[PDB]
Amino acid sequence: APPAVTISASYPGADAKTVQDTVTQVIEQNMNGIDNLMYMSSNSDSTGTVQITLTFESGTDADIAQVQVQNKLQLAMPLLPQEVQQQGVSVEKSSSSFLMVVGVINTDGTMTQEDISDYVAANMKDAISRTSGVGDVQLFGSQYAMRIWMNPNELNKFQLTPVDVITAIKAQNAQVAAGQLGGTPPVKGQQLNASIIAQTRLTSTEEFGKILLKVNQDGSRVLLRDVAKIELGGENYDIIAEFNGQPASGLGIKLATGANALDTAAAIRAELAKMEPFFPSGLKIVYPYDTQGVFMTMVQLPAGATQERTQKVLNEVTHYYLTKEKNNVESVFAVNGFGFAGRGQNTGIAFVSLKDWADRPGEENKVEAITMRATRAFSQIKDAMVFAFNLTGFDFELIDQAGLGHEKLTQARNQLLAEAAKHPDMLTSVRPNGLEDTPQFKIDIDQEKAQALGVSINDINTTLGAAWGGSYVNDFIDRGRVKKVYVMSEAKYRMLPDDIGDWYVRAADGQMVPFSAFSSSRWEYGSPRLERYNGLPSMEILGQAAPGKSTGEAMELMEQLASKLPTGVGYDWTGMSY
Amino acid sequence: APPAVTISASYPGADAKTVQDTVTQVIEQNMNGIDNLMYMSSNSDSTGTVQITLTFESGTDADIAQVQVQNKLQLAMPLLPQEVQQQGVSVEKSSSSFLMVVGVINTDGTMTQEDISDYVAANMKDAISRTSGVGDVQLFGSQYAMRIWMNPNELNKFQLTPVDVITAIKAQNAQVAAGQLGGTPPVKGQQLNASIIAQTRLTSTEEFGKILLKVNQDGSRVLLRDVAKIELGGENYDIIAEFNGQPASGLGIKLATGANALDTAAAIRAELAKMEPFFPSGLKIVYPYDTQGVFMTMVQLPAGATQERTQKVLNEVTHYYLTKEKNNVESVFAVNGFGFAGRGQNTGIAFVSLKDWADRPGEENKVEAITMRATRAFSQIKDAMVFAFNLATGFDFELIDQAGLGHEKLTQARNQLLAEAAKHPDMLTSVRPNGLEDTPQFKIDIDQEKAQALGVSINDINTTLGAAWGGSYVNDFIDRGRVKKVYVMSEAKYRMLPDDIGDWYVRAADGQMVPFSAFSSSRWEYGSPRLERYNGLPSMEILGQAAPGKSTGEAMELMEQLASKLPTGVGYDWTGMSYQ
Amino acid sequence: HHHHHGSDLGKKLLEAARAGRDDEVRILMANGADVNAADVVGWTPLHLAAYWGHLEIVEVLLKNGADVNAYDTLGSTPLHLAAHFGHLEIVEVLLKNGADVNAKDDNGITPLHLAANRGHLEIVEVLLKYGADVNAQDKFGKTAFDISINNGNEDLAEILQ
């Protein structure tokens, strides 16, 4: 297979364009001078995530490819936003499919899904990630951070903002290098040498809750807990898993390019065996997907679908396997928020493990027939693509060659898809691989009104972003382990458009100014996932030859339709069609 | 030749010494514990550029060499100025000479040189630079940036400075992560989920123009277009090219160490064939130098020479090939501002392409006789080294400051050696420095005591000076879908003469506008526009040849004798062709 | 004018109007689809057609009783969208069918403000032709003329006088 190296980065609270124009384009522009690169593709998403895939000529040494990529990325790192740099950028040389899933459940229902995920993140994932052959490890859930859930009513009552909160956290959750008594070079006759210990990271919600934000003129104290709820909770809330319908987390493990499948899996089990004796009570490992006695089901809903609606679809999938197929299926491990493609609120995946072969006699109880029957049962689910598969027609990129921009490229894409649909004798299921534009809330900050009021634009933008998007402030120590601190609005003050107006910013003169005084807003459409191909804006189109036609005939026709598109729109073949 | 890794960096508005002392030295101090390294050299230039070259033993694996240099570089990266890190430090493993040049012209005359260079940078370069076997790609021109050309009279009129301009650009040309309505974790039952879109990068001169710098007490607005001209314009203006005397840009392409020339050249042409159908009208590729049928002409004037003077010499060169040699010469692609030396305002190069073998019968019309005749015709051009050659028993000598003597003493020692070597025509021909002479520089002293008494901050002084007279990369914007840079700088006419210094005002803490003349003094002095280092010490490279039928070994033996009489603390070494 | 959100033919109509599927719009209307079904942001099929430039769908919807002055959840109308996005023919059809030329959204912004800001001069002329209040002020006190000065659009300033 051509080896591929993946760069991943994140920007908390960023929309797709923001990610693309501050991160993705910057990396791409700097991926020069790397040997044997066949092509590069990227997605920039409204989850705040970018993935850049660099695919190398067959025969390329994946180690050299990875090192060359990492080194260019290193020279580009100072060009990226500080918020992106501080999340950690990763570079992996991995297969894109899973080798295995390590599930973790709590048999005594002592621990919620969130607890279990933190336990895995904080106690298991690093040692697995260091096991030789392990290319990529996905946590099905999130590590805890310290979560400061801000209340805008209480902030405004005390004439405070998220900026004051972030400032206080950085000042009061600090790890200070303070020197030594009797330090070198010392005076003659010194008797005592001892470290000076000053501020140290906080370790608990109790300690965060008593951060001192201010002292009122009257002498009363405003503590962080007087304007926020303080709790441990995920760095993010996007991925939730279940094992046979019960709360779970786990690790999805991808094989390092060129490593040995069987050796790596055994190294993994051996590492798990070291951890088990120290689990808290109730906690237990399950094995829901070991790579013909397994398969996957993909769930892909339209952009716009929420966590609740993806979950309803996954509940249908899971139910089918635990009822209609309960004689063949041993388990289902289902993940809401991550799928084939990676991360989104509109996607899911179910890993299905079958009973022993010898106990599924009959060709109707073998994987091929089970997957076919499942796809057929799920083919009627509304506004979802749901199918079961183990783990070919064409792979086309439409390309913006002339700075046309997203809206025009979408119109060209639609023109091509309409033309393709008039040739059903030659092309079947010609479709975009990506996502459709969805409504977004465009808010305009009035620079004039802000200046007239003495309200700083940086205080406005921090207030907006930190409250509605979240902001990674600094690190703390949870039960001995370095983890993140995040500030964000408590959920109920960031749900609806009118909530924008309840957030106040402090002017230079000390007055509190509501957001409504200096902003206006409207609905518009934009992209939840912007694609690029060899550094240019792109839209991936999949399809296949119609029955009784060669792939090459299907491709020749696509090329002909492509030659009639608006000026500045090109194309290229990738993946299986390269 | 042995494999070379090159580190390049850039510091806009920096003089040679600033580059050397804040970038070059800091990097060089980490270049040890690298396997198979023979030697290291560097140039730090008053173009704000550094290039360090690390040369490895024959047979060194260039991938490993590049990795090891880079790994040492990473130690210096956080110590480098932010202005340098943000330009993108490069580490390349290329041949030092060009494989080919791709030229670009517009046959309708509907694009300027500047427009063409932007098109090439924005639509063509990156794909070529990612092509396997491409070691280094040199743009002959500059990508557009958004240029804010400030007017100091208008700034002072509104009590503003370049610091206020830069601040406002950062605030109002911004790309804001603003979260979501109804995002996770939601109130359960939430149906609405939408990204919040707040400020986004500006895309046009119109949008930059309306940046709001301040609201007067009377309610009137000062916009950025009230204090600056706003246009698209090069990141820099130092490299200008022509093709048969018409406006052009291009890419000079060097081969990655050990890559196949035929295969790489073909992959370049396949990439260019993908681009061609999307060209705007009139745009066309030409091929002015394919590596014989070609040669180059180096043009090197003395330091101090302006763009206009280098252009005159380049015109004489181009004029010669298009008139005297018109039956042999198919094309000339001339570049003002870039030469064998690298980038500089006193340097240029011409790439010449000959007509087919079969339309030049006679030994007098073959490359060697053509270059010989050209070199002869150019030999009498005054104050310029101009020669023509395609692509031996010279020597390559490094005079080294081994005792902290400093630049001025090193130059005195160099001159001493050169004078001595001149009195030996019987063994030594044409002993000369490879570098540049010192030139006048404007030394300005900021009076700290006056600055403090007036309440004018040192950072505001330094930003006003540097941004106005040097240019400052503020942040990025999006031009027709592509991330590009934004620069602030004085409009040309306010940064041309010494007296202009005093028309720039800085705002004090109490709101008073203070001219630069209140807290500064200046004088003329000399300094170097190009500081050289060899194995991490200050150096001056000296070239020459063995006299007719003397061995290079005998010539070198003489230079070693002459070198042993120089002042204490001056040493030497052999590099390049002389190293083995 | 704030139409409530939710149904199966309604949802198909919202999607068809958005994608420009003229035939399907026609079929759905004949099968009783609510012409003023709204999505979660208050957009009706007329909003969608106007935003995305689908003239014939705009005509079909109005002929079947679409609320020409439908408000989204921030007070914006189909005329706002068509004026903002440069859809001249749509602007004419809407105004011809009783669109409120001076409708203000929640920010006090009117269709003339939007057309002015994007420099869509023929739209500006048509809106003024239909009675648009040339002196209408948004929440910040700004008129179309103030917009033309801030943007430096001399042609627009000319039209406004």
# chains A, B, ... in the order shown; residues from 1 in each chain; ligands from 1
call {"tool": "residues_around", "arguments": {"residues": "residue C:121", "least_positions_apart": "2", "cutoff": "12 Å", "atoms": "only C-alpha atoms", "output": "number ranges by chain"}}
result
C: 83-88, 112-119, 123-128, 144, 148, 153-160
call {"tool": "write_last_selection", "arguments": {"atoms": "C-alpha atoms", "output": "PDB file, in the first residue's frame"}}
result
ATOM      1  CA  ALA C  83     -30.775  41.861  -1.370  1.00  0.00           C
ATOM      2  CA  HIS C  84     -27.694  40.879   0.643  1.00  0.00           C
ATOM      3  CA  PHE C  85     -26.675  38.204  -1.849  1.00  0.00           C
ATOM      4  CA  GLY C  86     -27.096  40.049  -5.111  1.00  0.00           C
ATOM      5  CA  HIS C  87     -30.231  38.217  -6.446  1.00  0.00           C
ATOM      6  CA  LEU C  88     -31.790  41.039  -8.469  1.00  0.00           C
ATOM      7  CA  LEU C 112     -31.260  48.537   1.663  1.00  0.00           C
ATOM      8  CA  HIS C 113     -28.495  48.397   4.325  1.00  0.00           C
ATOM      9  CA  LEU C 114     -27.440  44.926   3.200  1.00  0.00           C
ATOM     10  CA  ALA C 115     -27.504  45.720  -0.531  1.00  0.00           C
ATOM     11  CA  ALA C 116     -25.626  48.948   0.145  1.00  0.00           C
ATOM     12  CA  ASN C 117     -22.958  47.258   2.194  1.00  0.00           C
ATOM     13  CA  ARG C 118     -22.161  44.682  -0.543  1.00  0.00           C
ATOM     14  CA  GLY C 119     -22.368  47.332  -3.287  1.00  0.00           C
ATOM     15  CA  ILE C 123     -30.795  46.213  -6.017  1.00  0.00           C
ATOM     16  CA  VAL C 124     -30.372  49.486  -4.197  1.00  0.00           C
ATOM     17  CA  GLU C 125     -32.208  51.257  -7.055  1.00  0.00           C
ATOM     18  CA  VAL C 126     -35.090  48.771  -7.118  1.00  0.00           C
ATOM     19  CA  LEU C 127     -35.535  48.938  -3.339  1.00  0.00           C
ATOM     20  CA  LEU C 128     -35.633  52.780  -3.449  1.00  0.00           C
ATOM     21  CA  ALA C 144     -27.084  53.418   3.657  1.00  0.00           C
ATOM     22  CA  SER C 148     -21.295  54.142   1.299  1.00  0.00           C
ATOM     23  CA  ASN C 153     -18.122  53.384  -2.654  1.00  0.00           C
ATOM     24  CA  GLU C 154     -18.555  56.658  -4.627  1.00  0.00           C
ATOM     25  CA  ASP C 155     -21.094  55.116  -7.085  1.00  0.00           C
ATOM     26  CA  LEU C 156     -23.386  54.193  -4.224  1.00  0.00           C
ATOM     27  CA  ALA C 157     -23.068  57.621  -2.595  1.00  0.00           C
ATOM     28  CA  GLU C 158     -24.003  59.067  -6.039  1.00  0.00           C
ATOM     29  CA  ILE C 159     -27.181  56.969  -6.248  1.00  0.00           C
ATOM     30  CA  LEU C 160     -28.206  58.052  -2.723  1.00  0.00           C
TER      31      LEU C 160
END
call {"tool": "select_by_dssp", "arguments": {"residues": "stretch 14-136 of chain C", "states": "alpha helix (DSSP H)", "output": "VMD selection string"}}
result
chain C and resid 14 to 19 22 to 30 45 to 51 55 to 63 78 to 84 88 to 96 111 to 117 121 to 129
call {"tool": "write_last_selection", "arguments": {"atoms": "C-alpha atoms", "output": "PDB file, in the first residue's frame"}}
result
ATOM      1  CA  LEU C  14     -37.156  22.854   2.901  1.00  0.00           C
ATOM      2  CA  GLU C  15     -34.500  20.578   1.394  1.00  0.00           C
ATOM      3  CA  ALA C  16     -35.826  20.799  -2.149  1.00  0.00           C
ATOM      4  CA  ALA C  17     -36.113  24.578  -2.051  1.00  0.00           C
ATOM      5  CA  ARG C  18     -32.560  24.792  -0.783  1.00  0.00           C
ATOM      6  CA  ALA C  19     -31.146  22.483  -3.546  1.00  0.00           C
ATOM      7  CA  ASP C  22     -37.968  22.716  -9.194  1.00  0.00           C
ATOM      8  CA  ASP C  23     -39.905  19.531 -10.130  1.00  0.00           C
ATOM      9  CA  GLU C  24     -39.820  18.135  -6.629  1.00  0.00           C
ATOM     10  CA  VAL C  25     -40.947  21.490  -5.194  1.00  0.00           C
ATOM     11  CA  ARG C  26     -43.907  21.358  -7.617  1.00  0.00           C
ATOM     12  CA  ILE C  27     -44.823  17.728  -6.622  1.00  0.00           C
ATOM     13  CA  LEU C  28     -44.587  18.488  -2.908  1.00  0.00           C
ATOM     14  CA  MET C  29     -46.861  21.563  -3.114  1.00  0.00           C
ATOM     15  CA  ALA C  30     -49.468  19.579  -5.016  1.00  0.00           C
ATOM     16  CA  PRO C  45     -38.568  27.481   1.885  1.00  0.00           C
ATOM     17  CA  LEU C  46     -38.868  31.088   0.551  1.00  0.00           C
ATOM     18  CA  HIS C  47     -35.853  32.088   2.743  1.00  0.00           C
ATOM     19  CA  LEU C  48     -33.905  29.215   1.338  1.00  0.00           C
ATOM     20  CA  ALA C  49     -34.746  29.817  -2.279  1.00  0.00           C
ATOM     21  CA  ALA C  50     -33.952  33.518  -1.916  1.00  0.00           C
ATOM     22  CA  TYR C  51     -30.572  32.864  -0.189  1.00  0.00           C
ATOM     23  CA  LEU C  55     -35.830  32.226  -8.960  1.00  0.00           C
ATOM     24  CA  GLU C  56     -38.425  29.697 -10.279  1.00  0.00           C
ATOM     25  CA  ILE C  57     -38.832  28.126  -6.845  1.00  0.00           C
ATOM     26  CA  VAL C  58     -39.325  31.593  -5.358  1.00  0.00           C
ATOM     27  CA  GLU C  59     -42.115  32.140  -7.955  1.00  0.00           C
ATOM     28  CA  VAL C  60     -43.672  28.686  -7.296  1.00  0.00           C
ATOM     29  CA  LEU C  61     -43.709  29.194  -3.559  1.00  0.00           C
ATOM     30  CA  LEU C  62     -45.337  32.666  -3.728  1.00  0.00           C
ATOM     31  CA  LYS C  63     -47.945  31.361  -6.223  1.00  0.00           C
ATOM     32  CA  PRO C  78     -36.449  36.592   2.355  1.00  0.00           C
ATOM     33  CA  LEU C  79     -35.996  40.105   0.936  1.00  0.00           C
ATOM     34  CA  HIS C  80     -33.037  40.668   3.306  1.00  0.00           C
ATOM     35  CA  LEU C  81     -31.355  37.594   1.949  1.00  0.00           C
ATOM     36  CA  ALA C  82     -31.960  38.234  -1.694  1.00  0.00           C
ATOM     37  CA  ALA C  83     -30.775  41.861  -1.370  1.00  0.00           C
ATOM     38  CA  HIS C  84     -27.694  40.879   0.643  1.00  0.00           C
ATOM     39  CA  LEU C  88     -31.790  41.039  -8.469  1.00  0.00           C
ATOM     40  CA  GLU C  89     -34.583  39.105 -10.153  1.00  0.00           C
ATOM     41  CA  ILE C  90     -35.572  37.580  -6.860  1.00  0.00           C
ATOM     42  CA  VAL C  91     -35.642  40.972  -5.191  1.00  0.00           C
ATOM     43  CA  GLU C  92     -38.058  42.194  -7.897  1.00  0.00           C
ATOM     44  CA  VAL C  93     -40.347  39.181  -7.606  1.00  0.00           C
ATOM     45  CA  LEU C  94     -40.506  39.489  -3.852  1.00  0.00           C
ATOM     46  CA  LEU C  95     -41.265  43.248  -3.852  1.00  0.00           C
ATOM     47  CA  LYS C  96     -43.771  42.675  -6.667  1.00  0.00           C
ATOM     48  CA  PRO C 111     -32.622  45.211   2.994  1.00  0.00           C
ATOM     49  CA  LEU C 112     -31.260  48.537   1.663  1.00  0.00           C
ATOM     50  CA  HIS C 113     -28.495  48.397   4.325  1.00  0.00           C
ATOM     51  CA  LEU C 114     -27.440  44.926   3.200  1.00  0.00           C
ATOM     52  CA  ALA C 115     -27.504  45.720  -0.531  1.00  0.00           C
ATOM     53  CA  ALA C 116     -25.626  48.948   0.145  1.00  0.00           C
ATOM     54  CA  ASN C 117     -22.958  47.258   2.194  1.00  0.00           C
ATOM     55  CA  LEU C 121     -26.300  48.972  -6.933  1.00  0.00           C
ATOM     56  CA  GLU C 122     -29.192  47.706  -9.119  1.00  0.00           C
ATOM     57  CA  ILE C 123     -30.795  46.213  -6.017  1.00  0.00           C
ATOM     58  CA  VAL C 124     -30.372  49.486  -4.197  1.00  0.00           C
ATOM     59  CA  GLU C 125     -32.208  51.257  -7.055  1.00  0.00           C
ATOM     60  CA  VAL C 126     -35.090  48.771  -7.118  1.00  0.00           C
ATOM     61  CA  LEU C 127     -35.535  48.938  -3.339  1.00  0.00           C
ATOM     62  CA  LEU C 128     -35.633  52.780  -3.449  1.00  0.00           C
ATOM     63  CA  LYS C 129     -38.048  52.518  -6.415  1.00  0.00           C
TER      64      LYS C 129
END
call {"tool": "residues_around", "arguments": {"residues": "residue A:516", "least_positions_apart": "2", "cutoff": "9 Å", "atoms": "only C-alpha atoms", "output": "list in words"}}
result
residues 500, 501, 502, 503, 504, 513, 514, 518, 519 and 520 of chain A
call {"tool": "interface_residues", "arguments": {"of": "chain B", "to": "chain C", "cutoff": "8 Å", "atoms": "only C-alpha atoms", "output": "list in words"}}
result
residues 191, 192, 206, 207 and 210 of chain B
call {"tool": "select_by_dssp", "arguments": {"residues": "stretch 255-402 of chain B", "states": "strand (DSSP E or B)", "output": "number ranges by chain"}}
result
B: 255-256, 283-290, 294-300, 329-339, 342-354, 385-389, 394-401
call {"tool": "closest_atom_pairs", "arguments": {"of": "chain A", "to": "chain C", "cutoff": "9 Å", "atoms": "only C-alpha atoms", "output": "tab-separated table"}}
result
residue	atom	partner	partner_atom	distance
A:439	CA	C:41	CA	7.8
A:446	CA	C:140	CA	8.4
A:449	CA	C:140	CA	7.6
A:497	CA	C:74	CA	8.3
A:517	CA	C:139	CA	8.8
A:518	CA	C:140	CA	8.3
A:519	CA	C:107	CA	8.5
A:520	CA	C:107	CA	5.7
A:521	CA	C:107	CA	7.3
A:522	CA	C:74	CA	6.5
A:523	CA	C:41	CA	7.6
A:524	CA	C:51	CA	8.6
call {"tool": "atom_distance", "arguments": {"atom1": "atom CA of residue B:180", "atom2": "atom CA of residue A:13"}}
result
7.3 Å
call {"tool": "interface_residues", "arguments": {"of": "chain B", "to": "chain A", "cutoff": "8 Å", "atoms": "only C-alpha atoms", "output": "ChimeraX atom specification"}}
result
/B:67,70,85-90,92,123,126-127,129-136,171,175-187,190-200,212,214-215,275,278,478,480-483
call {"tool": "closest_residue", "arguments": {"among": "B:344, B:471, B:234, B:2", "to": "residue B:575", "atoms": "only C-alpha atoms"}}
result
B:2
call {"tool": "atom_distance", "arguments": {"atom1": "atom CA of residue B:463", "atom2": "atom CA of residue B:233"}}
result
21.4 Å
call {"tool": "residues_around", "arguments": {"residues": "residue A:202", "least_positions_apart": "3", "cutoff": "8 Å", "atoms": "only C-alpha atoms", "output": "list in words"}}
result
residues 173, 174, 207, 208, 476 and 477 of chain A
call {"tool": "atom_distance", "arguments": {"atom1": "atom CA of residue B:22", "atom2": "atom CA of residue B:84"}}
result
9.6 Å
